[PDB]
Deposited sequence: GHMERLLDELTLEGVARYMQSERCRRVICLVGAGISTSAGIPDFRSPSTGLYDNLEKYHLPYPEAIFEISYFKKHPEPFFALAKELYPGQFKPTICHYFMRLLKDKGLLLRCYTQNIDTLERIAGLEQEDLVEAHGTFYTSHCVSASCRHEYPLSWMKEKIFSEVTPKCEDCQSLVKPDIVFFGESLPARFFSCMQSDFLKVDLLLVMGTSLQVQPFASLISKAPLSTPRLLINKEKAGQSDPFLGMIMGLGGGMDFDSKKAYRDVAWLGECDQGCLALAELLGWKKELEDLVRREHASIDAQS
């Protein structure tokens, strides 16, 4: 087995060994809650009067009534977009040549703001960064400043070329994921040395299946408020069985987990300096 012990300290020693060259991050809503974007699991959607609560993120319903979704986006639109310590931890992985890919479930663009490039990212459920007119014969593209303005004005966004609906480039429940997700997944996991899984409950599919694509020897560290990804005793990650050999669960806040790992790697000062400098720049802008 590659880890000398099933602890964060074991993971950190492995990351600074010659074997650990290619890291894939798998991240979800938990990495952005400290930036002010709420997840869905942690313990506000009644004003919308939907047939069933989860219809607001389903494509069948959005197509029939896009108003509730845009009204929700307005309510959730953050005053500033400040990536978290966890985001900047992944920026450090990129800076140090360790990041093969960040697969993200999030649509909030904070990975881009933190300095991950398009090539580093698989935005598996799309993004608010770009939007497109929904008419197949048009597909005119619009930037966030255009979309934010229509969300705030409480005016459903319409294409200026054809007056069809303009939809953020996000993947609703019931929509196909982007081709890039499947293409990257079929190559990235051939030689990955570490999976870093953060801020996800591993319940949305097919994203959740990504953890099963690494080689059987690849260590997998989960940094998450709750243990996730274990097989269901009714219906994976093996942290606690007598057969456990490569999966480690660090239970707590993503920011605190990344800080603790950074400190073991000797990156604590680098990470603090980076976050403070980036946040100060965003404040100045």
item	value
Missing segments of the deposited chain sequence, listed N- to C-terminal	1-4, 48-53, 246-253, 304
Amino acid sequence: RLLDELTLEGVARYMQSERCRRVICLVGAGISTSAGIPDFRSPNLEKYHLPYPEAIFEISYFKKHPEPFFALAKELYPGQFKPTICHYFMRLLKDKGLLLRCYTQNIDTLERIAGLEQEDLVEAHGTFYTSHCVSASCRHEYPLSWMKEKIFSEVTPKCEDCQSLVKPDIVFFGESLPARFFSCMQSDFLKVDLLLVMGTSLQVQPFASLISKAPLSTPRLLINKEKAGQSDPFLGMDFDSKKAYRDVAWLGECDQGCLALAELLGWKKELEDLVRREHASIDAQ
From here on, numbers count along this sequence of modelled residues.
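C-alpha atoms forming the largest set that superposes within 1.5 Å between two forms make up the rigid core.
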{"property": "Between 76-84 and 207-215, larger RMS Cα displacement in 9 other deposited structures of this protein after core fit", "result": "76-84"}
{"property": "RMS Cα shift after core superposition in 9 other deposited structures of this protein, winner of 62-70 and 236-244", "result": "62-70"}
{"property": "Residue range whose averaged C-alpha B-factor is higher in the record, 32-40 or 53-61", "result": "53-61"}
{"property": "Mean temperature factor over C-alpha atoms, higher-scoring stretch between 67-75 and 107-115", "result": "67-75"}
{"property": "Deposited CA B-factor, highest of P83, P157, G97, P168", "result": "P157"}
{"property": "Maximum C-alpha temperature factor, selected from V27, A260, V248, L45", "result": "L45"}
{"property": "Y88 CA temperature factor, ranked by third within the chain", "result": "lowest"}
{"property": "Lowest, middle or highest third - CA B-factor, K227", "result": "middle"}
{"property": "Chain-wide C-alpha B factor ranking for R101, given as lowest, middle or highest third", "result": "lowest"}
{"property": "Chain thirds of CA B-factor: placement of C254", "result": "lowest"}
{"property": "CA B-factor ranking of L235, expressed as a third of its chain", "result": "highest"}
